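**Student:** Fold the following.
(4 chains)
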Amino acid sequence: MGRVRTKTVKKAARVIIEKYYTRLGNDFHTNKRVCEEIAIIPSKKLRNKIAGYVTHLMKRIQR
Amino acid sequence: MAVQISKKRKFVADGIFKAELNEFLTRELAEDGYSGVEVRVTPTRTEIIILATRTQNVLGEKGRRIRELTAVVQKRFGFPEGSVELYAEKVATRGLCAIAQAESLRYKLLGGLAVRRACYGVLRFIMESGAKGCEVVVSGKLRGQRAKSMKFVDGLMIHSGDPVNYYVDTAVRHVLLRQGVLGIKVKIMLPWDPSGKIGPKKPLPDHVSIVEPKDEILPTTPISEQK
RNA sequence: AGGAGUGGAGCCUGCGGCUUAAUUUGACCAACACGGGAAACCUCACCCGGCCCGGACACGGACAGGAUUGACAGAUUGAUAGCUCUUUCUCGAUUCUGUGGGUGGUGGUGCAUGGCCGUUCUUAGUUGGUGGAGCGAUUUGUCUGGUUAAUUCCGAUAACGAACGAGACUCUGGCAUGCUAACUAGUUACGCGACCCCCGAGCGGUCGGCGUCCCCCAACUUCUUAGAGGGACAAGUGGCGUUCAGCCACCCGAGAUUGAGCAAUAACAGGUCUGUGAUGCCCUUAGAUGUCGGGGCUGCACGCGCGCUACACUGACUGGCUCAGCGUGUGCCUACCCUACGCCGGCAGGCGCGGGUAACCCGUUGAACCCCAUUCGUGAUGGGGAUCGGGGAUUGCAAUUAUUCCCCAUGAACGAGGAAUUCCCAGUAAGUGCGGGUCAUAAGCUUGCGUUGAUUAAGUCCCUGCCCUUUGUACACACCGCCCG
RNA sequence: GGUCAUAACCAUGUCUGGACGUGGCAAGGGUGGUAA
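**Tutor:** Residues are numbered from 1 along each chain as shown, chains lettered A, B, ... in the order given. Let me share the structure:
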């Protein structure tokens, strides 16, 4: 594969999970549409990454 | 489309006219703070909006300069009368007008001055007027006869990717002296991004960022509000 | 690990050397089919002859029986250049003559320079603020470890918070029977009438099949077109990992990686004064380095580089069958395009008419290898087409040293390549054709495009080279260094 | 508690190369015009 997520993703991912904690599922598609609506995302492809990491954080935080 | 040219050739011919004009004007309006043009053909009229910083020096005595220039263009490209009409326009905020800022540096240099102080004077002005950052280079001779470079830099700058097309403007100017030639280059980075003009798009320089509003509370307890 | 070659042969083309009136000139991984440099004239810088002034402007002089311009004929001359001379009119103050002053130059200097480009360097590198450590040059931040393609992250920590490059971005490719809408795009449906054959059920009728004209105020938008959107996230599952960052396999399905563009700091005495009316200085300037005629840049005892075609039978030859894509085009510069169709000619070609400013016309671009059947027979053979004789066409003002094309004849080396060495991992290598660029005439070149389509790897630091740490140094012009008798 | 080996040869360099000097902050302006 290759590819480790950049700092722009991991930095903003933390903010977005913190303040809208109770607005996340554990599904990709729901968490995608939420990020588009609660905040500006300057691209679509960038959104699809940041959502997926926000999802991955939300799995562990309930443990 | 007789006697005119086919569609492939139609756009090329427009470009040649756009380009010749843009270098014609620059050799006789540089000191009057030239900054470009913006042509627009409209029904039965050409408008050539001669953008310059200081409209005072552009006008001359009884609109003389605008009259000379219009008579030239009317003959050169062989249009009949009542076609071409020039107009002037003053541009607000000169710290985003790289072309004019470069030509200001030119005359400051040709005024007889050192390079560091001149560059500094241009720098703070374009930064103060509102910019993300800015840069000046002057490469050529001074204090010897080997060439050198002196870079003066402040703020942010980009150099890679497609955002370069939006967020910077760039000018190049040759300036003469009695011994050799000096090359000027000016690069200035535009400040607008989300709010204002609106013009520039959202992607930030080289770390594309998300801006996130805040609110998330509840106060709920059982009640029915009957209306 | 392998594939195909180069180095051998012939030819094309660039470079050196040699010759020569001149064979103009830059360039020696990062020069050498490079200067988009395929030169008939032109180009043109070169060589040999001749002509021209288009020497502004200033000051003084000349001077209206006059400053001054041009020329018939003869001589002279490549020349019908009144160039020069003989001969003698015309023009009318624009000039001419002297001096001052310039002006032009593909003249020189890329080691006087701007601009642009190449390369170091395509790898992951780079810096300041405040604070800390040192008398200081400096250092820490910019890291023991894990991880990544990555100064990519996790984590640790006298540093903390940032910036540039990286990714992000843009363009391009692979996925939509969803959306938007189509006589310059199609399809379907009949209506068909017409042609056609029984071609199929049947009989030949009728029904159906095959395409074209006919088609519509028909129906539709799967196919073609181009816009907005959607889709892909390590998301899901199982392993593995500090259980972090991630990694491997698998499900789903189109696998997160289809290919480019853009690209940092610092540097080079790298290339370009022959792109520049960008430019310094120097040089030359009327017996001109600025124009015409004609010649050369192609001259050959050698040497070297990029390529092209071959050495056959997995072939050649002669008939027959059958499939594309990127483009381009007169109306532009001072003058020119792409071509259907009809006729004439073996061929090259000529001739008569017509369309196209272009999803409309050329062109449903009916291309090649491929495919099928004849002939040749392991033979320097019909493989190979070099060299060369004779003849016909086209472009141009002109084709001689043969511009290009065609016809018949002529029929060389070459029998798979020594020492060495290049390039390449999936629609990729290789085979194979087409369009653009240059272009009056002309690609063996270069740049794009389709078609046919493998083998071999899933690694390593052995060689060559590059990045990071530690260490040693008499090195810093940096080992292409320094230094001893 | 833990296991792993064999080093041939290899010399020299035509070279007349590097832009660094003093803390300036500092344009400062509006006749036309709908009304007038």
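**Student:** and the residue lying closest to residue B:94 once chain neighbours are set aside, backbone torsions?
**Tutor:** For residue B:94, ignoring the flanking residues on the chain, the nearest one in space by C-beta to C-beta, 6 or more residues apart in numbering or on different chains is residue B:53 at 5.4 Å. Using the backbone N, CA and C atoms, a C-beta is placed for each residue, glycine as well. Note on residue B:53: backbone dihedrals following degrees, to the nearest 10 are phi -70, psi -40.
**Student:** which residues does residue B:53 contact?
**Tutor:** Contacts of residue B:53 were listed using C-beta atoms under 8 Å, 6 or more residues apart in numbering or on different chains, and they are B:33, B:35, B:90, B:91, B:94, B:97, B:100.
**Student:** so the first one touches residue B:100, yeah?
**Tutor:** This means residue B:33. Yes: with contact defined as C-beta atoms under 8 Å, residue B:33 and residue B:100 form a contacting pair (5.2 Å).
**Student:** list residues touching both of those two?
**Tutor:** Common neighbours of residue B:33 and residue B:100, counting by C-beta under 8 Å, 6+ apart, are B:52, B:53.
**Student:** rewinding a little: how near is the residue nearest to residue B:94 to residue B:169?
**Tutor:** The span separating residue B:53 from residue B:169 equals 15 Å under the rule C-beta to C-beta, to the nearest Å.
**Student:** how about the longest helix along chain A: buried residues?
**Tutor:** Ranked by residue count under DSSP state H, the longest helix found in chain A is helix A:45-61. Buried residues in helix A:45-61, counted by 16 or more other C-beta atoms under 10 Å in any protein chain shown: A:46, A:47, A:49, A:50, A:51, A:53, A:54, A:55.
**Student:** again with stretch A:29-36
**Tutor:** A:31, A:32, A:34, A:35.
**Student:** now the angle from the strand or helix carrying the second one to helix A:45-61?
**Tutor:** Assigned by DSSP states H and E, residue A:32 falls within helix A:28-38. Relative orientation of helix A:28-38 versus helix A:45-61 (axes from the mean of the first three to the mean of the last three C-alpha atoms, to 10 degrees): 120 degrees.
**Student:** Is any residue of helix A:28-38 near chain B?
**Tutor:** Yes: looking at helix A:28-38 against chain B by C-beta under 8 Å from any C-beta of the partner chain, the contacts come from residue A:38.
**Student:** returning to what we had before: from the buried residues of helix A:45-61, list the ones also adjacent to chain B.
**Tutor:** With C-beta under 8 Å from any C-beta as the criterion, the members of the buried residues of helix A:45-61 in contact with chain B are A:46, A:50.
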